[PDB]
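Asker: This one's experimental. Sequence and coordinates below.
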Amino acid sequence: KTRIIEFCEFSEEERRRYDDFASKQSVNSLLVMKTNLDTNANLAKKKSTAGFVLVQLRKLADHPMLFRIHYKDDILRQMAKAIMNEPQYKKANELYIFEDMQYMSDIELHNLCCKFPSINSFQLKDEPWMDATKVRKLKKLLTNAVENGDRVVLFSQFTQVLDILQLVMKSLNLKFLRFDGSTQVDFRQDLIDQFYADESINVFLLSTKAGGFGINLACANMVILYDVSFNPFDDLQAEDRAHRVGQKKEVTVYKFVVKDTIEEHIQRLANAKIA
């Protein structure tokens, strides 16, 4: 367990969204007072702490194709026109299907069109997943599984980020097994045993909800955290699966970061106290 916290510089496409997300997020309501029933002096001040702002950022920080960046609004209509030729056909469904769809992200909307093959005219987009700061530094980190026979153990904050990675690894190296956070039914085995074979079963995708009370084998030397967390509940317990004394080689822990984004800020940037 050697801490290496390799930052990851911007792109043009990534800043495009993040820098232009200083405007819409900057709602002109706090530091203008909209008119209510009575003197709502602090109600609107505490209508603030809209942490959706925060969480949205800490998802922008992460893989930016889980935002709405492919189907604007009207391509979901062509899906909705070219999906009623199926068993999904009730009395009146053409507005409620397009409404329920238009709140799903571009990962949920990709994960039905390729699995349920009834809308295949505009599913793929030349693999837009690979094009992302973190996935390309991850493309660089798979080269550490080229020099040597190295297997990795990879963690995820949000479930959608797993589902991105579920089809990131249908592009560079093949994928086989998605260890979800909601896999705490009764001591999992088949999803954790037949692993560590040469080149057809290399890397396996873990989650936050997957507890830290236990671990698995430490043969997996490298560990990559896609994102960074909030409190000390899984600081050390997620990051002690290769904190051993019986290893025989080097073993480095790894967590992704960004350029000049709030993710760098929650990995503290302030100042220590000379007391």
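Answerer: The structure has been received and is ready for your questions. Numbering: from 1, shown residues only.
Asker: Show me how this protein divides into domains.
Answerer: 1-9+127-275, 10-113 (automatic domain parsing).
Asker: measure the first one end to end?
Answerer: With CA to CA, to the nearest Å as the measure, domain 1-9+127-275 spans 30 Å from end to end.
Asker: Show the contacting residues for residue 71.
Answerer: 79, 106, 109 (CB atoms under 8 Å, 6 or more residues apart in numbering). The C-beta positions use only the backbone N, C-alpha and C, and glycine is treated the same way.
Asker: hmm, back to that, I'd like the domains of the chain as CSV, with distance to residue 119 appended.
Answerer: What follows is the domains of the chain, written out as CSV (distance: least, CB to CB, whole Å):
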stretch, distance to residue 119
domain 1-9+127-275, 17
domain 10-113, 5
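Asker: nearest to residue 120, of those domains?
Answerer: With CB to CB as the measure, domain 10-113 is the member of the domains of the chain nearest residue 120 (6.7 Å).
Asker: Helix, strand, or coil at the residue nearest the centre of the chain?
Answerer: Nearest to the mean C-alpha position of the chain, by CA atoms, centre = their mean, lies residue 161 at 2.6 Å. Secondary structure state of residue 161, per DSSP: H, G, I helix; E, B strand; the rest coil, is helix.
Asker: Ok, residue 137 next?
Answerer: helix.
Asker: nearest residue to it other than its sequence neighbours?
Answerer: Once flanking residues are discounted, residue 137 sits nearest to residue 8: 5.0 Å by CB to CB, 6 or more residues apart in numbering.
Asker: could you list every residue that touches the residue of the chain most remote from its centre?
Answerer: Distance from the centre of the chain peaks at residue 38, with 42.6 Å (CA atoms, centre = their mean). By CB under 8 Å, 6+ apart, the contact set of residue 38 is empty.
Asker: in what helix or strand does it lie?
Answerer: Secondary structure assignment for residue 38, by DSSP states H and E: no helix or strand.
Asker: List phi and psi for it.
Answerer: The phi and psi values for residue 38, taken as degrees, to the nearest 10, are phi -120, psi -170.
Asker: Distance of it relative to residue 32?
Answerer: Noted for residue 38: a distance of 18 Å to residue 32, by CB to CB, to the nearest Å.
Asker: what's the closest of the domains of the chain to residue 121?
Answerer: Checked against CB to CB, the stretch from the domains of the chain lying closest is domain 10-113, at 6.9 Å.
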